[PDB]
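Content type CSV, C-alpha atoms (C1' of nucleotides), from the file target-v8.csv:
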chain,number,residue,atom,x,y,z
A,1,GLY,CA,59.9,76.5,41.6
A,2,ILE,CA,63.3,76.6,40.1
A,3,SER,CA,65.0,78.8,42.7
A,4,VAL,CA,64.2,76.6,45.7
A,5,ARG,CA,65.5,73.5,44.0
A,6,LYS,CA,68.9,75.1,43.4
A,7,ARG,CA,69.1,76.3,47.0
A,8,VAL,CA,68.1,73.0,48.6
A,9,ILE,CA,70.5,71.1,46.4
A,10,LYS,CA,73.3,73.5,47.3
A,11,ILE,CA,72.6,72.9,51.0
A,12,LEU,CA,72.6,69.1,50.4
A,13,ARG,CA,76.0,69.3,48.6
A,14,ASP,CA,77.5,71.2,51.5
A,15,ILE,CA,76.1,68.6,53.9
A,16,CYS,CA,77.5,65.6,52.0
A,17,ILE,CA,80.9,67.3,51.7
A,18,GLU,CA,81.5,68.7,55.1
A,19,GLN,CA,80.5,66.2,57.9
A,20,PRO,CA,80.3,62.7,56.4
A,21,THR,CA,79.2,59.6,58.5
A,22,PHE,CA,75.9,61.4,58.9
A,23,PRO,CA,73.1,58.7,58.8
A,24,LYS,CA,70.9,60.2,56.1
A,25,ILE,CA,73.6,60.3,53.3
A,26,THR,CA,72.2,57.5,51.3
A,27,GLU,CA,68.7,59.0,51.1
A,28,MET,CA,70.2,62.3,50.0
A,29,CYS,CA,71.9,60.5,47.2
A,30,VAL,CA,68.6,58.8,46.3
A,31,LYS,CA,66.7,62.0,46.2
A,32,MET,CA,69.3,63.9,44.1
A,33,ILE,CA,69.5,61.0,41.6
A,34,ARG,CA,65.7,61.0,41.6
A,35,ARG,CA,65.8,64.7,40.3
A,36,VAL,CA,68.4,64.2,37.5
A,37,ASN,CA,65.9,64.4,34.6
A,38,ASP,CA,63.6,67.2,35.8
A,39,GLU,CA,65.1,70.3,34.2
A,40,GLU,CA,68.2,71.8,32.5
A,41,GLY,CA,70.0,74.0,35.0
A,42,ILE,CA,69.4,71.5,37.8
A,43,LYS,CA,70.7,68.8,35.4
A,44,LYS,CA,74.0,70.8,34.8
A,45,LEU,CA,74.5,71.4,38.5
A,46,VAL,CA,73.8,67.8,39.6
A,47,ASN,CA,76.1,66.6,36.8
A,48,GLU,CA,79.0,68.8,38.0
A,49,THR,CA,78.3,67.9,41.6
A,50,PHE,CA,78.4,64.2,41.0
A,51,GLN,CA,81.5,64.7,38.8
A,52,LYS,CA,83.3,66.2,41.7
A,53,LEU,CA,81.9,64.1,44.6
A,54,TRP,CA,82.6,60.6,43.3
A,55,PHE,CA,84.0,60.4,39.8
A,56,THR,CA,87.3,62.1,40.4
A,57,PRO,CA,90.7,60.5,39.4
A,58,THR,CA,91.4,59.4,43.1
A,59,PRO,CA,95.2,59.0,42.8
A,60,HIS,CA,96.7,55.7,43.9
A,61,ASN,CA,97.4,56.5,47.6
A,62,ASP,CA,95.3,56.4,50.7
A,63,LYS,CA,93.3,53.5,49.3
A,64,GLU,CA,91.3,53.2,52.5
A,65,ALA,CA,89.5,56.5,51.8
A,66,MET,CA,88.8,55.4,48.3
A,67,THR,CA,87.3,52.1,49.6
A,68,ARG,CA,85.2,54.2,52.0
A,69,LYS,CA,83.8,56.1,49.0
A,70,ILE,CA,83.2,52.7,47.4
A,71,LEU,CA,81.2,51.7,50.5
A,72,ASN,CA,79.2,54.9,50.1
A,73,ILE,CA,78.3,54.1,46.5
A,74,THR,CA,77.4,50.5,47.3
A,75,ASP,CA,75.3,51.6,50.2
A,76,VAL,CA,73.4,54.1,48.0
A,77,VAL,CA,72.7,51.6,45.3
A,78,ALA,CA,71.8,48.7,47.7
A,79,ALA,CA,69.3,50.9,49.4
A,80,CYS,CA,67.7,52.3,46.2
A,81,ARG,CA,67.5,48.7,44.8
A,82,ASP,CA,63.9,48.4,45.9
A,83,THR,CA,62.3,51.2,43.8
A,84,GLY,CA,64.0,51.3,40.4
A,85,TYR,CA,67.2,51.9,38.5
A,86,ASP,CA,65.9,54.3,35.8
A,87,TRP,CA,67.2,57.5,37.3
A,88,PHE,CA,70.7,56.1,38.1
A,89,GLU,CA,71.0,54.8,34.5
A,90,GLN,CA,69.8,58.1,33.1
A,91,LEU,CA,72.5,59.9,35.1
A,92,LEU,CA,75.1,57.5,33.9
A,93,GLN,CA,74.0,58.2,30.3
A,94,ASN,CA,74.4,61.9,31.0
A,95,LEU,CA,77.9,61.7,32.5
A,96,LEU,CA,79.3,59.3,29.9
A,97,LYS,CA,77.6,60.9,26.8
A,98,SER,CA,78.2,64.4,28.0
A,99,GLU,CA,82.0,64.1,27.1
A,100,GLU,CA,82.2,62.5,23.7
A,101,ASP,CA,85.1,64.7,22.6
A,102,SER,CA,88.7,64.2,23.7
A,103,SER,CA,88.6,66.8,26.4
A,104,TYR,CA,91.3,65.2,28.5
A,105,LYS,CA,88.9,62.2,29.1
A,106,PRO,CA,88.7,62.9,32.9
A,107,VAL,CA,86.0,60.4,33.8
A,108,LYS,CA,87.0,57.4,31.7
A,109,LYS,CA,90.1,56.8,33.7
A,110,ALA,CA,88.4,57.2,37.0
A,111,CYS,CA,85.4,54.9,36.2
A,112,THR,CA,87.7,52.2,34.9
A,113,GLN,CA,89.7,52.6,38.1
A,114,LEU,CA,86.4,52.2,40.1
A,115,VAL,CA,85.4,49.0,38.4
A,116,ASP,CA,88.9,47.4,38.6
A,117,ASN,CA,89.2,48.4,42.3
A,118,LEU,CA,85.8,46.8,42.9
A,119,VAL,CA,87.1,43.7,41.1
A,120,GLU,CA,90.1,43.7,43.4
A,121,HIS,CA,87.9,44.2,46.5
A,122,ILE,CA,85.8,41.2,45.3
A,123,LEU,CA,89.1,39.3,44.9
A,124,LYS,CA,90.3,39.9,48.5
A,125,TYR,CA,86.7,39.4,49.8
A,126,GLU,CA,87.1,35.6,49.3
A,127,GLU,CA,84.3,35.0,51.9
A,128,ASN,CA,78.1,40.6,54.6
A,129,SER,CA,76.9,38.7,51.5
A,130,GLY,CA,74.3,41.4,51.0
A,131,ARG,CA,77.2,43.7,50.2
A,132,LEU,CA,78.6,41.1,47.9
A,133,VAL,CA,75.4,40.8,45.8
A,134,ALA,CA,75.0,44.6,45.9
A,135,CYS,CA,78.5,45.0,44.5
A,136,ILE,CA,77.8,42.4,41.7
A,137,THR,CA,74.6,44.3,41.0
A,138,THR,CA,76.5,47.5,40.7
A,139,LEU,CA,78.8,45.7,38.3
A,140,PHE,CA,75.7,44.7,36.4
A,141,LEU,CA,74.4,48.3,36.1
A,142,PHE,CA,77.8,49.6,35.0
A,143,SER,CA,77.9,46.9,32.4
A,144,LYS,CA,74.5,47.8,31.1
A,145,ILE,CA,75.3,51.5,30.7
A,146,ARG,CA,78.5,50.7,28.9
A,147,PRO,CA,80.1,47.3,28.2
A,148,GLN,CA,83.7,48.3,27.4
A,149,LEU,CA,84.4,48.9,31.1
A,150,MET,CA,84.1,45.3,32.1
A,151,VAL,CA,85.8,43.5,29.2
A,152,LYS,CA,88.9,42.1,31.0
A,153,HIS,CA,87.6,40.3,34.1
A,154,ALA,CA,84.7,38.1,32.8
A,155,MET,CA,86.9,35.0,32.6
A,156,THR,CA,87.8,35.7,36.2
A,157,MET,CA,84.1,36.0,37.0
A,158,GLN,CA,83.4,32.5,35.5
A,159,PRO,CA,84.2,30.5,38.8
A,160,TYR,CA,81.3,32.1,40.7
A,161,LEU,CA,78.9,31.0,37.9
A,162,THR,CA,79.9,27.3,38.3
A,163,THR,CA,78.4,26.5,41.7
A,164,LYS,CA,76.6,28.4,44.4
A,165,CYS,CA,73.9,27.8,47.1
A,166,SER,CA,70.1,27.7,47.5
A,167,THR,CA,69.6,31.1,49.1
A,168,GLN,CA,68.0,34.2,47.5
A,169,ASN,CA,70.9,36.6,47.3
A,170,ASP,CA,72.9,33.8,45.7
A,171,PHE,CA,70.2,33.4,43.1
A,172,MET,CA,70.5,37.1,42.5
A,173,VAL,CA,74.3,36.6,41.9
A,174,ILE,CA,73.5,33.9,39.3
A,175,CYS,CA,71.0,35.9,37.3
A,176,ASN,CA,73.1,39.1,37.4
A,177,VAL,CA,76.3,37.4,36.3
A,178,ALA,CA,74.4,35.7,33.5
A,179,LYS,CA,73.1,39.2,32.6
A,180,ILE,CA,76.7,40.5,32.5
A,181,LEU,CA,77.9,37.6,30.3
A,182,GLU,CA,75.0,38.3,27.9
A,183,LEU,CA,76.0,41.9,27.8
A,184,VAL,CA,79.7,41.4,27.3
A,185,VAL,CA,80.5,38.2,25.5
A,186,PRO,CA,80.1,39.4,21.8
A,187,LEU,CA,82.5,42.3,22.4
A,188,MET,CA,85.1,40.1,24.1
A,189,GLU,CA,88.4,40.3,22.3
A,190,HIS,CA,89.1,36.8,20.9
A,191,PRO,CA,87.8,34.4,23.5
A,192,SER,CA,88.9,30.8,24.2
A,193,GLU,CA,86.7,28.0,23.0
A,194,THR,CA,87.0,25.8,26.1
A,195,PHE,CA,85.9,28.7,28.2
A,196,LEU,CA,82.7,28.8,26.2
A,197,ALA,CA,82.4,25.1,26.5
A,198,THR,CA,82.5,25.0,30.3
A,199,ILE,CA,80.2,28.1,30.2
A,200,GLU,CA,77.5,26.3,28.3
A,201,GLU,CA,78.0,23.1,30.3
A,202,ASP,CA,77.5,24.7,33.7
A,203,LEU,CA,74.6,26.9,32.3
A,204,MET,CA,72.8,23.6,31.6
A,205,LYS,CA,73.8,22.3,35.0
A,206,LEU,CA,72.3,25.4,36.5
A,207,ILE,CA,69.1,25.0,34.5
A,208,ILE,CA,68.6,21.5,35.8
A,209,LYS,CA,68.8,22.6,39.5
A,210,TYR,CA,67.1,25.9,40.2
A,211,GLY,CA,63.9,28.0,40.0
A,212,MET,CA,61.9,29.7,37.2
A,213,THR,CA,63.3,33.2,36.8
A,214,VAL,CA,66.9,32.1,37.0
A,215,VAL,CA,66.3,29.5,34.2
A,216,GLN,CA,64.7,32.2,32.1
A,217,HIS,CA,67.5,34.8,32.6
A,218,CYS,CA,70.2,32.3,31.9
A,219,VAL,CA,68.7,30.6,28.8
A,220,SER,CA,68.5,34.2,27.6
A,221,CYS,CA,72.3,34.3,27.8
A,222,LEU,CA,72.5,30.9,26.2
A,223,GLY,CA,70.6,32.2,23.2
A,224,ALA,CA,72.7,35.3,23.0
A,225,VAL,CA,76.0,33.4,23.1
A,226,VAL,CA,74.9,30.8,20.6
B,1,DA,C1',-9.0,93.7,-26.3
B,2,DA,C1',-4.9,91.3,-25.1
B,3,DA,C1',-0.2,89.9,-23.6
B,4,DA,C1',4.7,89.5,-22.9
B,5,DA,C1',9.1,91.1,-21.7
B,6,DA,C1',12.4,94.7,-19.5
B,7,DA,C1',13.4,98.2,-16.0
B,8,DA,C1',13.6,100.5,-11.6
B,9,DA,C1',13.3,101.3,-6.8
B,10,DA,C1',12.7,99.3,-2.3
B,11,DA,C1',13.6,95.3,0.8
B,12,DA,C1',16.0,91.5,2.4
B,13,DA,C1',20.0,89.0,3.6
B,14,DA,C1',24.5,87.4,4.1
B,15,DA,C1',29.3,88.5,4.2
B,16,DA,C1',32.7,91.6,5.4
B,17,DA,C1',34.3,95.7,7.9
B,18,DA,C1',34.4,98.6,11.9
B,19,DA,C1',34.2,99.7,16.9
B,20,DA,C1',34.8,97.5,21.9
B,21,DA,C1',36.8,94.5,25.1
B,22,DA,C1',39.2,90.6,27.3
B,23,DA,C1',43.2,87.8,27.9
B,24,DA,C1',47.9,85.3,26.9
B,25,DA,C1',52.4,86.6,26.2
B,26,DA,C1',56.5,89.3,25.2
B,27,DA,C1',59.1,92.7,27.5
B,28,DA,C1',61.4,95.2,31.2
B,29,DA,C1',63.4,95.7,35.5
B,30,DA,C1',65.7,94.3,39.9
B,31,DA,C1',68.7,91.3,42.5
B,32,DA,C1',71.9,88.3,43.0
B,33,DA,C1',74.9,84.5,41.8
B,34,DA,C1',78.3,82.6,38.9
B,35,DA,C1',81.7,83.1,35.6
B,36,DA,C1',85.1,85.2,32.7
B,37,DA,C1',88.5,88.3,31.5
B,38,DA,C1',92.1,91.4,32.4
B,39,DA,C1',95.6,93.6,35.2
B,40,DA,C1',99.0,92.9,38.3
B,41,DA,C1',102.1,90.5,41.0
B,42,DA,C1',105.1,86.7,42.7
B,43,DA,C1',108.2,83.0,41.6
B,44,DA,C1',111.1,80.1,38.5
B,45,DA,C1',114.3,79.8,34.7
B,46,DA,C1',117.8,81.1,31.2
B,47,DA,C1',121.1,84.3,29.5
B,48,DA,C1',124.7,87.7,30.1
B,49,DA,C1',128.6,90.0,32.4
B,50,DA,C1',132.5,90.3,35.8
B,51,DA,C1',135.9,88.7,39.0
C,1,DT,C1',134.5,78.3,36.3
C,2,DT,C1',131.9,80.7,39.2
C,3,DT,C1',129.3,84.6,40.8
C,4,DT,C1',126.3,88.4,40.0
C,5,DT,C1',122.8,90.7,37.3
C,6,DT,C1',118.9,91.1,33.8
C,7,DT,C1',114.6,89.4,31.4
C,8,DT,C1',111.0,86.3,30.0
C,9,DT,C1',107.5,83.0,31.1
C,10,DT,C1',104.0,80.9,34.2
C,11,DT,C1',100.7,81.1,37.6
C,12,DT,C1',97.7,83.0,41.1
C,13,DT,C1',94.8,86.8,42.9
C,14,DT,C1',91.5,90.2,42.3
C,15,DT,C1',88.2,93.3,40.3
C,16,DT,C1',85.3,94.7,37.1
C,17,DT,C1',82.2,93.3,33.8
C,18,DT,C1',79.4,90.1,31.7
C,19,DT,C1',76.0,86.5,31.6
C,20,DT,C1',72.3,83.9,33.7
C,21,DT,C1',68.3,82.9,36.1
C,22,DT,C1',64.2,83.6,38.3
C,23,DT,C1',60.6,86.5,39.7
C,24,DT,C1',57.3,90.1,39.5
C,25,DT,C1',55.3,93.7,36.9
C,26,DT,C1',53.5,95.8,32.7
C,27,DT,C1',51.8,96.8,28.5
C,28,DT,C1',50.4,94.7,23.5
C,29,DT,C1',49.2,91.9,20.2
C,30,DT,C1',45.8,88.6,19.8
C,31,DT,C1',41.3,86.9,20.0
C,32,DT,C1',36.1,87.2,20.4
C,33,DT,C1',31.7,90.0,20.5
C,34,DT,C1',28.7,92.9,18.6
C,35,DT,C1',27.1,95.9,15.2
C,36,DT,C1',26.4,97.4,11.1
C,37,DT,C1',27.2,98.7,6.7
C,38,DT,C1',27.4,97.4,1.9
C,39,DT,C1',26.3,95.1,-1.8
C,40,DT,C1',24.0,91.8,-4.2
C,41,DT,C1',19.8,89.8,-5.0
C,42,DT,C1',14.9,89.9,-5.0
C,43,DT,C1',10.1,91.6,-6.0
C,44,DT,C1',6.6,94.1,-7.7
C,45,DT,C1',4.8,97.6,-9.8
C,46,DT,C1',5.6,100.4,-13.8
C,47,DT,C1',6.8,100.8,-18.5
C,48,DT,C1',7.5,99.3,-22.9
C,49,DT,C1',6.3,96.5,-26.6
C,50,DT,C1',3.7,93.2,-29.4
C,51,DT,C1',-0.7,90.7,-31.6
Take the structure in the file and write it out as structure tokens.
Amino acid sequence: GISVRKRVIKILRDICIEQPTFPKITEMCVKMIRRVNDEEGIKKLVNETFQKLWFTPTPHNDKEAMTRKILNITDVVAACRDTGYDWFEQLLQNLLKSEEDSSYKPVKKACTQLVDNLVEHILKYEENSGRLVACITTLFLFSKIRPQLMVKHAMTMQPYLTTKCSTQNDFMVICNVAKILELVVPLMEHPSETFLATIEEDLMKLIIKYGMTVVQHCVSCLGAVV
DNA sequence: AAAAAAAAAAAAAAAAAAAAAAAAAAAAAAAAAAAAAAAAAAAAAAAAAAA
DNA sequence: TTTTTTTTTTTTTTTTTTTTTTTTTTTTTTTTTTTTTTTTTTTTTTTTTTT
């Protein structure tokens, strides 16, 4: 039906607003993102619900609550990583595209603040690694949907690319950061040539030391940058 | 004796028209939510008048 | 100069109306069947005409 859908989603919104730290939050987010493309009215309501639940300007005070929301989003994505990313990406298309006009640009500021604050969290991380790779993966998705949001920090992302370990999650770091570089390098405003030099050098160094899929997904980036 | 060609009514046959019916879809109505607009009211500000 | 009084603007609340959405019900044009009538065509005998 179309009634029942609206009613159950209303109940879910009240649940996720009122008494957080309930266990089943993540799954609720997974199901609601699963239903983003089904209809029209449902689409409008989920769009406005997600615009008020996460992507709000979040003024620069009480940063701990903001970090807790960040924890929420990272948990959601890291749990839905198994099935697929298509619904999330479609949702992101909807939220970004749906405001092409000036219209005070409410979301652009907030999203850029989410990515830079995640960068900063990554910075102070310094050394749970599942959460690290999940955050980098979230960075990857946010780059894929729109590349302008992650233009400034790629040179700061370079040191992770240089050396890493022989564990799976680390390999996921290597492939995802290569993917990000592939996505962002052509749009980077006036890069430095030595930066490209060391990029290409360690890319070859990575090729000569690791498995199949990582070699594939990095020589891809090599072809793109060349 | 012979013979050919043309008409007229009656008979068939296929296409179109006229009842008869069945089913999808447009319409209407009710409820109820969500929104929008208008009226009013409360507070803030800026000017004007007197001591 | 300062104190006291007036007026305009801004913003929030509320109430009535409007819009929306679904759902259920209804009644209508649409679609198919059957018939069946008409009209055209056909035939065959009759009539007309020719040798």
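Set the cut-off at 10 Å, count all atoms listed in the file, and the residues of chain C near chain A turn out to be residues 21, 22 and 23 of chain C.
Within 12 Å of chain A, chain B contributes the residues residues 32, 33 and 34 of chain B, using all atoms listed in the file.
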Q: Find the distance between atom CA of residue A:87 and atom CA of residue A:178 and write it in Å to one decimal.
A: 23.3 Å
Q. Near stretch 25-36 of chain A, counting all atoms listed in the file, which residues have an atom at most 10 Å away, once you skip same-chain residues fewer than 6 positions from it, shown as a VMD selection string?
A. chain A and resid 5 9 12 to 13 15 to 16 42 to 47 50 72 to 80 84 to 91 94
Q: Just the residues within 10 Å of stretch 42-47 of chain B, please, counting all atoms listed in the file, with nothing from its chain fewer than 4 positions along; format it as JSON, numbers by chain.
A: {"C": [6, 7, 8, 9, 10, 11, 12]}
(Q) Set the distance at 8 Å and use only C-alpha atoms (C1' of nucleotides): which residues neighbour stretch 56-61 of chain A once local chain neighbours fewer than 2 positions away are removed? I'd like the list as an MDAnalysis selection string. (A) chainID A and resid 51:54 63 66 106:107 109:110
Complete stretch 9-31 of chain A with N, CA and C atoms (output as a PDB file, in the frame of the given file).
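Now in part17.pdb:
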ATOM      1  N   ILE A   9      69.465  71.974  46.870  1.00  0.00           N
ATOM      2  CA  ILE A   9      70.500  71.100  46.400  1.00  0.00           C
ATOM      3  C   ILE A   9      71.883  71.607  46.839  1.00  0.00           C
ATOM      4  N   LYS A  10      72.055  72.939  46.859  1.00  0.00           N
ATOM      5  CA  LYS A  10      73.300  73.500  47.300  1.00  0.00           C
ATOM      6  C   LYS A  10      73.563  73.132  48.780  1.00  0.00           C
ATOM      7  N   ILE A  11      72.516  73.248  49.601  1.00  0.00           N
ATOM      8  CA  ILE A  11      72.600  72.900  51.000  1.00  0.00           C
ATOM      9  C   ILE A  11      72.974  71.396  51.132  1.00  0.00           C
ATOM     10  N   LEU A  12      72.357  70.552  50.306  1.00  0.00           N
ATOM     11  CA  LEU A  12      72.600  69.100  50.400  1.00  0.00           C
ATOM     12  C   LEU A  12      74.089  68.829  49.989  1.00  0.00           C
ATOM     13  N   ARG A  13      74.611  69.526  48.977  1.00  0.00           N
ATOM     14  CA  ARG A  13      76.000  69.300  48.600  1.00  0.00           C
ATOM     15  C   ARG A  13      76.944  69.673  49.712  1.00  0.00           C
ATOM     16  N   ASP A  14      76.670  70.788  50.394  1.00  0.00           N
ATOM     17  CA  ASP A  14      77.500  71.200  51.500  1.00  0.00           C
ATOM     18  C   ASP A  14      77.436  70.178  52.642  1.00  0.00           C
ATOM     19  N   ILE A  15      76.237  69.637  52.880  1.00  0.00           N
ATOM     20  CA  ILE A  15      76.100  68.600  53.900  1.00  0.00           C
ATOM     21  C   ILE A  15      76.933  67.376  53.544  1.00  0.00           C
ATOM     22  N   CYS A  16      76.766  66.824  52.340  1.00  0.00           N
ATOM     23  CA  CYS A  16      77.500  65.600  52.000  1.00  0.00           C
ATOM     24  C   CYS A  16      78.985  65.810  51.870  1.00  0.00           C
ATOM     25  N   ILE A  17      79.441  67.049  51.681  1.00  0.00           N
ATOM     26  CA  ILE A  17      80.900  67.300  51.700  1.00  0.00           C
ATOM     27  C   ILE A  17      81.453  67.433  53.055  1.00  0.00           C
ATOM     28  N   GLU A  18      80.796  68.212  53.912  1.00  0.00           N
ATOM     29  CA  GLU A  18      81.500  68.700  55.100  1.00  0.00           C
ATOM     30  C   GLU A  18      81.629  67.677  56.205  1.00  0.00           C
ATOM     31  N   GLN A  19      80.515  67.145  56.706  1.00  0.00           N
ATOM     32  CA  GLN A  19      80.500  66.200  57.900  1.00  0.00           C
ATOM     33  C   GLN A  19      79.971  64.863  57.501  1.00  0.00           C
ATOM     34  N   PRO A  20      80.713  64.058  56.717  1.00  0.00           N
ATOM     35  CA  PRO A  20      80.300  62.700  56.400  1.00  0.00           C
ATOM     36  C   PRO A  20      80.157  61.815  57.686  1.00  0.00           C
ATOM     37  N   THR A  21      79.669  60.588  57.479  1.00  0.00           N
ATOM     38  CA  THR A  21      79.200  59.600  58.500  1.00  0.00           C
ATOM     39  C   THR A  21      77.885  60.050  59.106  1.00  0.00           C
ATOM     40  N   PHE A  22      77.256  61.095  58.583  1.00  0.00           N
ATOM     41  CA  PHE A  22      75.900  61.400  58.900  1.00  0.00           C
ATOM     42  C   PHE A  22      74.997  60.233  58.450  1.00  0.00           C
ATOM     43  N   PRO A  23      73.966  59.856  59.207  1.00  0.00           N
ATOM     44  CA  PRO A  23      73.100  58.700  58.800  1.00  0.00           C
ATOM     45  C   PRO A  23      72.444  58.882  57.454  1.00  0.00           C
ATOM     46  N   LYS A  24      71.877  60.053  57.172  1.00  0.00           N
ATOM     47  CA  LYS A  24      70.900  60.200  56.100  1.00  0.00           C
ATOM     48  C   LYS A  24      71.639  60.482  54.724  1.00  0.00           C
ATOM     49  N   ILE A  25      72.905  60.085  54.561  1.00  0.00           N
ATOM     50  CA  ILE A  25      73.600  60.300  53.300  1.00  0.00           C
ATOM     51  C   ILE A  25      72.980  59.628  52.146  1.00  0.00           C
ATOM     52  N   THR A  26      72.708  58.334  52.333  1.00  0.00           N
ATOM     53  CA  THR A  26      72.200  57.500  51.300  1.00  0.00           C
ATOM     54  C   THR A  26      70.895  58.023  50.692  1.00  0.00           C
ATOM     55  N   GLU A  27      69.962  58.402  51.561  1.00  0.00           N
ATOM     56  CA  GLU A  27      68.700  59.000  51.100  1.00  0.00           C
ATOM     57  C   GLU A  27      68.897  60.245  50.339  1.00  0.00           C
ATOM     58  N   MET A  28      69.867  61.063  50.762  1.00  0.00           N
ATOM     59  CA  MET A  28      70.200  62.300  50.000  1.00  0.00           C
ATOM     60  C   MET A  28      70.611  61.983  48.630  1.00  0.00           C
ATOM     61  N   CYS A  29      71.468  60.968  48.494  1.00  0.00           N
ATOM     62  CA  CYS A  29      71.900  60.500  47.200  1.00  0.00           C
ATOM     63  C   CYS A  29      70.723  60.030  46.360  1.00  0.00           C
ATOM     64  N   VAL A  30      69.811  59.309  47.013  1.00  0.00           N
ATOM     65  CA  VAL A  30      68.600  58.800  46.300  1.00  0.00           C
ATOM     66  C   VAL A  30      67.778  59.884  45.782  1.00  0.00           C
ATOM     67  N   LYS A  31      67.545  60.906  46.595  1.00  0.00           N
ATOM     68  CA  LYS A  31      66.700  62.000  46.200  1.00  0.00           C
ATOM     69  C   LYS A  31      67.361  62.812  45.044  1.00  0.00           C
TER      70      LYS A  31
END
